[PDB]
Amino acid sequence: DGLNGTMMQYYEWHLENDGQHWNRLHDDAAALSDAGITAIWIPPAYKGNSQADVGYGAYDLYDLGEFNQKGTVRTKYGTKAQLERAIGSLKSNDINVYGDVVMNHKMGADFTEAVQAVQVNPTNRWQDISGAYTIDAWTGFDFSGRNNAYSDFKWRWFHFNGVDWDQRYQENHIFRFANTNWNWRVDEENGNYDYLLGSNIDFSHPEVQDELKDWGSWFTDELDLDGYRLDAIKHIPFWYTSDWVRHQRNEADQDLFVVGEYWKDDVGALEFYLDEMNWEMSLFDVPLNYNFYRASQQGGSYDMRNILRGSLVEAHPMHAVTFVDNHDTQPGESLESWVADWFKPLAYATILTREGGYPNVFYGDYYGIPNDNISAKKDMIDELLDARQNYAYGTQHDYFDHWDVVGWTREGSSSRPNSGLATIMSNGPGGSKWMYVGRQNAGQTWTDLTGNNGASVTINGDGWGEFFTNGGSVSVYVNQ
């Protein structure tokens, strides 16, 4: 229908482990759709190492909070039945469902096995730093409580090629199983970045290749997914992710949107990865996340003309999923690069009102993060979502021509009456800027949807208007 698409990551790292999240998502469906959310990215929905696991310490991909394993039936988010009910609600409310997919490793093995392994250089996994010797690694998975439902596949050490914990001498080291190779090709930071955490899956084995492809199809069909969020893909052999994606699209009738999480503040690396994927998916705009972080951290001295420089959205807008923060970047987490409250509005306006990129709203920003006394930004975000949903249409014009004051416009499209907007912001002292919003909007008087500026901007005969912004603020003018 031409409507702009907006994704929302429906969770934050410190969410309460009350098992009521799927129920919350179910009840929130109508409100989310009305607000402008068109797709929901659910966290890993399968059994993790423990009930409180956020989902990345993935134990059993076939247990969606249905079997008593790892000390619980439900996952941190709820039961399988509640999840399916939530998805049903999202579907009836015209919201796509993307499932987080964790296939890089497994955790919470039921038992250890004796394995010959060598210690490697943490900063160069290609380099062994010890001779081979026997360690006890958590590689045995029997999925007892599942009783082979859906799949009788069992994991053993020979399905993996590394771990970072030896249970025998109880020490942390980056271990490569003797006689096994690190996956390839993978990111090259640390020489070979195949290993990240837990028991690292070795995709050189056909049985592993087929198991995850079959699980993928089972998962897709079980939850009637509309796409996936691929976890830690820079650590998974590129050739396999591509095969896996092609396999799923082949097995599923519905379209499948795919966004990969290749975590690197390097647009070149992300473009190379997309090349390897034949551009068959989009990637989170990690460089842009760091651009926002750099600006938030530096303060007003940050030159706004560079805010989009080096970002994926700047180079391949149609293959970039833009975001401001996520469960990994929030305070105290592994990829911390949190955008402070003062800059956050500007960052969200940037990903929500521009034509390029598939923007994602963070649950933590939307509803807040009580754990860190971070307020819900729903008020501000809803206004930007309103702008995106009803006004961000038509030919765009950019004005990243000042170190403090930058902005852009959208002429709007005939198909969508009254559409059109002018976004202007400043990370330092306030200011103004003449911008072209389209001669077809001549004579209109636009006002700030955010309420941050009371100026009424009347579009002149040539389609130009002078928009104003206060300092460290953002305004989005529309014909309302």
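Basically, rigid core = biggest C-alpha set you can superpose within 1.5 Å across the two forms. In this text, residue numbers run from 1 along the sequence as written.
Exercise. Looking at C-alpha RMS in 5 other deposited structures of this protein with the core superposed, is it 319-327 or 166-174 that drifts more?
Worked result: Larger mean C-alpha displacement, comparing 319-327 and 166-174 in 5 other deposited structures of this protein, is found in 166-174.
Exercise. Out of 282-290 and 298-306, which stretch has the higher average CA B-factor listed in the record?
Worked result: It is 298-306 that shows the higher mean C-alpha B-factor.
For this session: Quick one: say whether 125-133 or 264-272 has the higher mean Cα B-factor in the deposited entry.
Result: It is 125-133.
Exercise. Of the choices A340, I351, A320, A149, which one's C-alpha carries the largest B-factor in the record?
Worked result: Checking the PDB record, the top C-alpha B-factor among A340, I351, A320, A149 is at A149.
Problem set entry | Options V405, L346, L312, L90 - largest CA temperature factor per the record | Comparing C-alpha B-factors across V405, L346, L312, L90, the top value belongs to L90.
For this session: Grab the CA temperature factor for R85 from the record and place it in the lowest, middle or highest third of its chain.
Result: CA B-factor rank for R85: highest third.
For this session: Consider only the C-alpha atoms of the modelled residues in this chain, order them by B-factor as the entry records it, and name the third containing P359: lowest, middle or highest.
Result: Lowest third, going by the recorded CA B-factors of the chain.
Exercise. Once the chain's modelled residues are ordered by C-alpha B factor and cut into thirds, is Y399 in the lowest, middle or highest one?
Worked result: Its C-alpha B-factor, which the entry lists for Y399, ranks in the middle third among residues of this chain.
Exercise. Of the three thirds of its chain by CA temperature factor, lowest, middle or highest, which one includes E411?
Worked result: Ranked within chain, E411 CA B lands in the middle tercile.
Exercise. Once the chain's modelled residues are ordered by C-alpha B factor and cut into thirds, is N452 in the lowest, middle or highest one?
Worked result: Answer is highest: the recorded C-alpha B-factor places it there.
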